[PDB]
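A short worksheet on the structure shown next.
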Amino acid sequence: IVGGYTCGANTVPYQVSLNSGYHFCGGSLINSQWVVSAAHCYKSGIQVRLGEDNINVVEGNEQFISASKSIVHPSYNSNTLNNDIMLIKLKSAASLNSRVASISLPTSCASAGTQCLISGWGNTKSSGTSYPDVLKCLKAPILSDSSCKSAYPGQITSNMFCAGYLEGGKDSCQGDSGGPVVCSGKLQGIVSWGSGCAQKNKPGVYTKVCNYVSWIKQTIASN
Amino acid sequence: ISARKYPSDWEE
Ligand SMILES: [Ca+2]
């Protein structure tokens with residue numbers, strides 16, 4: 001997260017870290033056994049780390065649980081990042097408490113101008129690299145479809161939206177992928193892609209979670 | 001296209 005703030009320990013209790021000997025993507029806990037992340041974050045043998053703030057220090061509220069299953073959207077395309085969504089099943093159910101909690105799925109799609117909370121442990125610089133120990137947060141609005149398409153001609157599908165600030169300085173970045181975009185208490189987006197980070201006229205692009213609610217529920221039911 | 005995995009999508 002570039003241009004954000006320190007969230008505060010366990011203030012985003014649905015945020016998870018996907019770890020392979022190091023943090024590489026975020027995710028969102030949607031029930032005690034399932035996490036939503038980005039398809040491009042897929043790798044075998046992931047450890048999900050819940051209840052984190054400082055990802056480099058044991059502070060007492062962590063739960064580390066192996067992924068037992070990974071379900072990438074059947075129509076994911078790595079070339080275009082269309083359908084950039086994955087479901088992860090935990091090997092054992094997380095113990096839900098004040099620091100480890102599920103985020104609700106949408107009942108309808110969000111609109112342009114709605115303020116959302118984007119969070120993660122990704123890069124805090126747009127030039128060079130500076131990675132935080134503690135969770136960072138950013139308030140950002142959803143952009144109009146037309147502004148999103150103008151920013152990224154030919155690359156925005158109906159399963160994506162743009163959020164952020166066209167003047168630059170505030171955005172998600174490498175290491176935030178898979179993490180949440182929450183609007184009015186609903187998980188509306190997944191961090192996906194962008195040109196650079198926090199660059200003028202190049203907002204963040206996010207998977208449009210509302211398109212996938214029936215697929216998510218069907219997948220949880222059958223796995 | 002530039003995905004936002006760490007350290008990068010290509011660096012895997
Ligand atoms: Ca920790």
Side-chain angles (χ1 to χ4, degrees), chain A residues 1-29 35-57 59 62 64 67 70 72 78 81 84-86 88 103 116-140 160 162-165 168-182 187 189-199 202-207, chain B residues 1-10:
Chain A
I1 306 289
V2 178
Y5 60 91
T6 295
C7 304
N10 308 113
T11 59
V12 187
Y14 50 87
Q15 171 86 54
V16 309
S17 169
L18 304 188
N19 184 285
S20 64
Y22 58 99
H23 169 89
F24 62 90
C25 275
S28 298
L29 188 69
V35 168
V36 172
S37 194
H40 78 261
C41 293
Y42 177 74
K43 50 170 102 166
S44 295
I46 287 170
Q47 186 180 66
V48 177
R49 299 190 167 192
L50 306 96
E52 287 283 13
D53 186 46
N54 186 324
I55 47 167
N56 287 319
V57 172
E59 295 177 300
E62 300 89 351
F64 295 179
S70 300
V72 172
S78 64
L81 298 174
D84 192 16
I85 185 167
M86 166 177 71
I88 294 169
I103 187 70
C116 308
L117 182 65
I118 309 180
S119 49
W121 288 276
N123 202 348
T124 71
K125 288 270 285 184
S126 46
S127 178
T129 68
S130 176
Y131 288 87
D133 289 321
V134 297
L135 189 65
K136 299 290 189 175
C137 278
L138 177 70
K139 285 287 181 46
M160 297 169 192
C162 291
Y165 295 95
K170 287 178 111 163
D171 194 4
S172 57
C173 200
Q174 280 64 45
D176 292 323
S177 272
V181 180
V182 170
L187 184 69
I190 306 166
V191 180
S192 184
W193 65 271
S195 172
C197 305
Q199 300 302 297
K202 292 165 174 279
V205 188
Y206 300 92
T207 306
Chain B
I1 197 166
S2 300
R4 283 170 177 188
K5 179 161 158 287
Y6 171 89
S8 61
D9 303 357
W10 61 264

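All values below were derived from every heavy atom in this structure, side-chain atoms included, with hydrogens, water molecules and symmetry-related copies excluded. Throughout, protein chains are lettered first and strands after them, A, B, ... in sequence-line order, and every chain is numbered starting at 1.
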Does A/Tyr14 reach the side chain of A/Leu187, with side-chain heavy atoms less than 4.5 Å apart? no
Gap between atom OH of A/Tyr165 and atom NZ of A/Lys170 - 0.5 Å precision: 4.5 Å
Qualifying residue for side chain to side chain contact (heavy atoms under 4.5 Å, CB included) with A/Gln15, from A/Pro180, A/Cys7, A/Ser28, A/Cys137: A/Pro180
Quick one: closest heavy-atom pair of A/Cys116 and A/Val181, and the distance? CB-CG1, 3.7 Å
When you look at A/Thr124 and A/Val2, which way does the side chain to side chain contact (heavy atoms under 4.5 Å, CB included) test go after all the steps? CA-CA 4 Å; A/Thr124 71; A/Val2 178; 5.5 Å; no
Taking B/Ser2's backbone N and O only, do any of them form a donor-acceptor pair with A/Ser195's side chain (distance below 3.5 Å, no angle check)? no
Which atom pair, heavy atoms only, marks the closest approach of A/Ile118 to A/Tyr206? CD1-OH, 3.5 Å
Could you walk me through whether A/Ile88 and A/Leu18 pass side chain to side chain contact (heavy atoms under 4.5 Å, CB included), step by step? CA-CA 10 Å; A/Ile88 294 169; A/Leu18 304 188; 3.8 Å; yes
About how many Å separate OG1 of A/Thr129 and CG of A/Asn123, when rounded to the nearest 0.5 Å? 5.5 Å
Between A/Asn19 and A/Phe64, does a side chain to side chain contact (heavy atoms under 4.5 Å, CB included) hold up when you go through it step by step? CA-CA 9 Å; A/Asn19 184 285; A/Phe64 295 179; over 6 Å; no
Sidechain-backbone polar pair: A/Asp53 side chain, A/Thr11 backbone, donor-acceptor under 3.5 Å: no
Quick one: pull up OG in A/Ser172 and CD1 in A/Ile1 and give me the separation to the nearest 0.5 Å. 5.5 Å
Here the gap from A/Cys25 atom SG to A/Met86 atom CE, rounded to the nearest 0.5 Å, amounts to 7.0 Å
My understanding is that only one of A/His23, A/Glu52, A/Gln47 makes a side chain to side chain donor-acceptor pair (under 3.5 Å) with A/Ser17; could you say which? A/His23
For side-chain hydrogen bond (donor to acceptor under 3.5 Å, both in side chains), just list the numbers for A/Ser119 and A/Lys136, CA-CA rounded to whole Å, side-chain angles, deciding distance to a tenth of an Å, and then say yes or no. CA-CA 6 Å; A/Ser119 49; A/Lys136 299 290 189 175; over 6 Å; no
Minimum heavy-atom separation for A/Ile190 to A/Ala38, with atom names? CG2-N, 3.8 Å
At what distance, to the nearest 0.5 angstrom, does CD of A/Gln174 lie from OH of A/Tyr131? 6.0 Å
Atom OH in B/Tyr6, atom CH2 in A/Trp121: separation rounded to 0.5 Å? 15.0 Å
So which atom in A/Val35 and which in A/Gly27 form the shortest heavy-atom distance, rounded to 0.1 Å? CG1-CA, 4.0 Å
Can you tell if the side chain of A/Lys139 reaches within under 4.5 Å of the side chain of A/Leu117, non-hydrogen atoms only? yes
Could you go through the side chain to side chain contact (heavy atoms under 4.5 Å, CB included) check for A/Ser177 and A/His40 one step at a time? CA-CA 8 Å; A/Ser177 272; A/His40 78 261; 2.6 Å; yes
Paired with B/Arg4, the salt bridge (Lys or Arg N to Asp or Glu O under 4.0 Å) test is passed by just one of A/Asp171, A/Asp84, A/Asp176, namely A/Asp171
Shortest non-hydrogen contact from A/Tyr42 toward A/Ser70: CE1-CB, 3.5 Å
